[PDB]
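What follows is a single structure, written as structure tokens, with notes after it.
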Amino acid sequence: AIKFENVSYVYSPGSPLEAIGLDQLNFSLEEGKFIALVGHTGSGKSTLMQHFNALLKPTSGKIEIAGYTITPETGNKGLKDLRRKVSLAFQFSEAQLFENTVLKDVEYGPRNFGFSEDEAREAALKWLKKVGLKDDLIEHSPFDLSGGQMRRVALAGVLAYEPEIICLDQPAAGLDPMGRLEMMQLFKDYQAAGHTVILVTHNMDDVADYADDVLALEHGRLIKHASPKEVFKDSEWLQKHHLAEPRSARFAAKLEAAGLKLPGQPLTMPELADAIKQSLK
Amino acid sequence: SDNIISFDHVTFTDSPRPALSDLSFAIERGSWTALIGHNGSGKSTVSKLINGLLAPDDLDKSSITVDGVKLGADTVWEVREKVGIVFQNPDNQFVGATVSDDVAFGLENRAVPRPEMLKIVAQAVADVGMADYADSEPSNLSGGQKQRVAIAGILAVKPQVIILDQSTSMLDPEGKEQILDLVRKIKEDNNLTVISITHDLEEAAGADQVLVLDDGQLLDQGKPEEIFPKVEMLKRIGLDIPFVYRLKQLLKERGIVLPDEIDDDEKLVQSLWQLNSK
Amino acid sequence: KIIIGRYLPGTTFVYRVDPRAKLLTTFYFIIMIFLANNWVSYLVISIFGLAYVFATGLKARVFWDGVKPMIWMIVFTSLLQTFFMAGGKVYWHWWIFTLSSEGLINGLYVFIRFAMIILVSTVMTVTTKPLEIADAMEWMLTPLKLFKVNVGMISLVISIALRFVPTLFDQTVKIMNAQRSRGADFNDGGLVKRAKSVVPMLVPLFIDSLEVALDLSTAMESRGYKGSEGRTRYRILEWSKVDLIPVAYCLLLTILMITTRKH
Ligand SMILES: Nc1ncnc2c1ncn2[C@@H]1O[C@H](COP(=O)(O)OP(=O)(O)OP(=O)(O)O)[C@@H](O)[C@H]1O
Ligand SMILES: Nc1ncnc2c1ncn2[C@@H]1O[C@H](COP(=O)(O)OP(=O)(O)OP(=O)(O)O)[C@@H](O)[C@H]1O
Ligand SMILES: [Mg+2]
Ligand SMILES: [Mg+2]
């Protein structure tokens with residue numbers, strides 16, 4: 001499991017512009033689950049993601065992940081196996097791509113983790129085809145691409161070497177609808193293969209569709225740690241804490257307001273359709 | 001027609017294929033146009049061409065006219081005062097050393113007096129909900145905060161054409177709704193035109209016009225209730241349909257038949273209520 | 001984190017000094033640095049530079065951590081000059097290299113000179129916004145407006161060059177994090193192995209820094225920046241009473257060295 005006890009992070013602690021990125025986090029994410037990290041902008045989701053793979057060390061508290069104990073005094077030495085096990089896709093793909101070509105960039109990861117040249121090339125090609133990138137783009141520069149294409153390159157590079165924990169900082173931003181759905185299904189199928197997926201997202205429909213557990217942030221404080229159903233039970237709590245509700249739940253509320261009550265609380269589109277048909281039956 | 005692109009070719013840099021090929025469209029004055037398309041169709045290329053940051057491959061056969069002036073070498077600055085563009089990457093928008101400085105840069109370039117600049121920058125920073133970060137380095141911000149600052153820097157000058165290159169991609173739903181309402185209110189108050197390059201089809205469904213771009217070519221162009229009914233065309237090119245049309249198709253495949261004239265949530269709700277009433 | 005060329009927000013008096021007065025004081029101090037011939041004149045310039053640094057208000061540890069690598073580079077250069085040039089008494093004369101009293105004296109002097117050039121440049125860039133530095137540079141080059149010289153372009157290029165170093169270190173951090181996330185180990189093996197791990201980064205760092213520097217000008221142009229002529233100012237640019245603080249600092253210093261130089 002991924003355990004955080006009393007984890008706080010402060011940006012520039014000694015400066016007069018001191019800002020508390022995270023404030024006393026305490027949670028335990030289960031292995032093999034789909035976790036959705038939600039919250040308002042600037043609530044500390046990217047700081048949490050960078051804490052998962054020890055890119056940032058906590059100002060206080062302890063992190064236990066993948067057989068590793070990260071403390072405020074850990075250091076960058078001996079952290080290659082942790083990042084072998086845990087991979088992070090950044091919010092901005094520009095801060096992630098550095099190699100000359102797309103193929104070289106994607107297979108950079110496998111090369112560092114004991115993949116031979118043939119194995120690295122096969123994995124890179126397979127995961128470039130999986131992310132829906134054209135075959136002729138593998139020899140172009142990662143920076144001579146569109147934003148969504150850069151996002152796809154970053155995702156393929158992250159998923160190339162099969163980490164057991166995939167942290168994704170808004171991987172669906174910049175992706176077209178078909179590409180967005182394909183990436184969501186790809187992550188769900190990856191999780192179904194025996195992997196843990198942690199997902200920063202601003203789309204509550206993704207939370208209702210794919211997430212098994214939900215982790216809600218507000219100003220660096222963990223305000224809720226529950227399943228999507230329990231998170232989206234109450235709309236007053238959601239609105240009070242800068243959070244929203246899935247469009248299916250909003251449409252169900254609209255339908256109930258007009259006079260058509262629906263059984264339970266739909267959160268996904270097929271569930272809402274089934275509830276509507278049951279009500280009309 | 002506020003913007004007129006006519007027979008536009010652009011090859012980047014060298015590149016083997018053109019990003020845009022014989023592209024021609026018009027943007028109605030004082031409207032909301034949603035430019036949609038798969039990843040790799042030249043939407044950001046179109047945005048940078050309208051500004052003047054990029055030039056067409058052939059100059060004496062391609063035309064770009066922005067509010068009556070033909071965009072060119074000698075009229076680029078006459079156009080940049082009409083077009084304000086929020087870039088796809090917020091890091092490429094920031095110039096000033098703080099949030100207020102960055103928002104006030106574009107007002108400085110327009111020779112706005114400082115007493116008015118103070119009020120305008122304060123109002124713009126508060127409007128995007130970043131009043132507590134006015135003295136912060138824009139690079140020391142989250143992605144959504146950087147997007148808010150980038151939007152505020154452009155909405156402060158209120159240009160005749162606001163181009164938004166996926167400016168709500170990293171915003172929370174409350175922030176998305178707030179900033180979309182702010183842009184709509186500013187557009188209505190100042191009689192402006194908005195081109196919203198977006199991958200969110202809910203926003204595109206609420207636009208006045210929808211431009212559909214495929215491999216750098218205008219595949220389709222029309223109102224949202226004339227575009228989104230074409231499910232096969234949109235799915236074939238990497239797009240989709242908004243929430244209401246998907247719900248209608250699931251209801252149809254579940255046995256509930258609904259009229260095709262339904263295009264909004266309220267219409268669907270009323271139709272379902274009438275169906276339940278019988 | 002490196003602080004040279006990078007603006008650090010603050011509230012002390014040096015932040016309210018005019019950027020033009022600050023730039024004039026920095027250039028005047030750099031001019032005075034080359035006028036130090038005696039040990040006591042170098043000492044006087046030393047206290048004056050240290051007082052200038054203390055006026056910034058940053059903690060001494062923060063300033064040292066921001067200027068450490070380039071201080072070490074200056075130390076290496078001073079040691080190289082000490083070894084290459086010799087005179088007077090000889091201490092060791094080990095192999096082709098040698099150690100001399102005159103060589104040690106000149107090495108110390110070069111270290112002090114380059115160090116305090118770095119300190120005054122860092123104090124100027126930390127306490128002044130980059131566009132404020134560009135505006136002050138363009139104001140200073142106003143006479144150079146004769147002979148039809150584009151002073152605004154030169155000032156913008158100077159500001160870009162000043163921002164180049166912070167972009168260098170920011171890109172260094174960015175690619176280091178990007179490579180760490182995907183399995184690079186810059187903290188393994190000896191110096192040879194670490195140099196091997198960091199050597200493929202050099203070309204990406206400089207290319208990315210140049211790209212960012214040009215993207216800054218692209219962002220300026222996209223938002224209507226024809227030039228520095230005809231614009232207004234969000235921040236007031238006027239002389240004030242605090243502007244007399246540098247002048248006395250520029251005056252007293254001079255007096256001292258005029259009575260302190262070798263001549
Ligand atoms: N480098 C930094 N220096 C200082 N403060 C920072 C830095 N990066 C982020 N912050 C601040 O820390 C807080 C959390 O930022 P963070 O990046 O974790 O947010 P987030 O949840 O990822 O937001 P978004 O949804 O906009 O991406 C915000 O108040 C932000 O302004
Ligand atoms: N800097 C560049 N150099 C070369 N080719 C580029 C560059 N930027 C984009 N391209 C290419 O030009 C075409 C148009 O891409 P563009 O960025 O205009 O699309 P987009 O719709 O804005 O992108 P996205 O939806 O993926 O964010 C694509 O084939 C892309 O790979
Ligand atoms: Mg973030
Ligand atoms: Mg784009």
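Chain A is the first sequence line, chain B the second, and so forth, proteins listed ahead of strands; every chain is numbered from 1. We use all heavy atoms of the structure for the numbers below, so side chains are in, but hydrogens, waters and symmetry mates are not.
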Open item on the list: Quick check for you: among B:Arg110, B:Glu137, B:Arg80, which has the greatest number of heavy-atom pairs under 4.5 Å with chain C?
Closed with: B:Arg80
Using heavy-atom distances under 4.5 Å, tell me whether [X] contacts chain C through its side chain, its backbone, both, or neither.
| X | value |
| --- | --- |
| B:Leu118 | both |
| B:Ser100 | both |
| B:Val79 | neither |
| B:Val76 | neither |
| B:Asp102 | both |
| B:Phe94 | backbone |

Open item on the list: Checking side-chain hydrogen bond (donor to acceptor under 3.5 Å, both in side chains) between B:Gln147 and each of B:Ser167, B:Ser169, B:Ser142, which is the one that passes?
Closed with: B:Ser169
Open item on the list: Tell me the closest heavy-atom pair linking B:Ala34 and B:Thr198, and the distance in Å.
Closed with: CB-CG2, 4.5 Å
Open item on the list: If I measure from the heavy atoms of chain B, does C:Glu221 come under 4.5 Å with its side chain, its backbone, both, or neither?
Closed with: both
Does a donor on one side chain sit under 3.5 Å from an acceptor on the other, for [X] and [Y]?
| X | Y | result |
| --- | --- | --- |
| C:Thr128 | C:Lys22 | yes |
| C:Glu138 | C:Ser228 | yes |
| C:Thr167 | C:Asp170 | no |

Task: Mutual orientation of the aromatic rings belonging to C:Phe164 and C:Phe206 [parallel < 30°, tilted 30-60°, perpendicular > 60°] - done: tilted
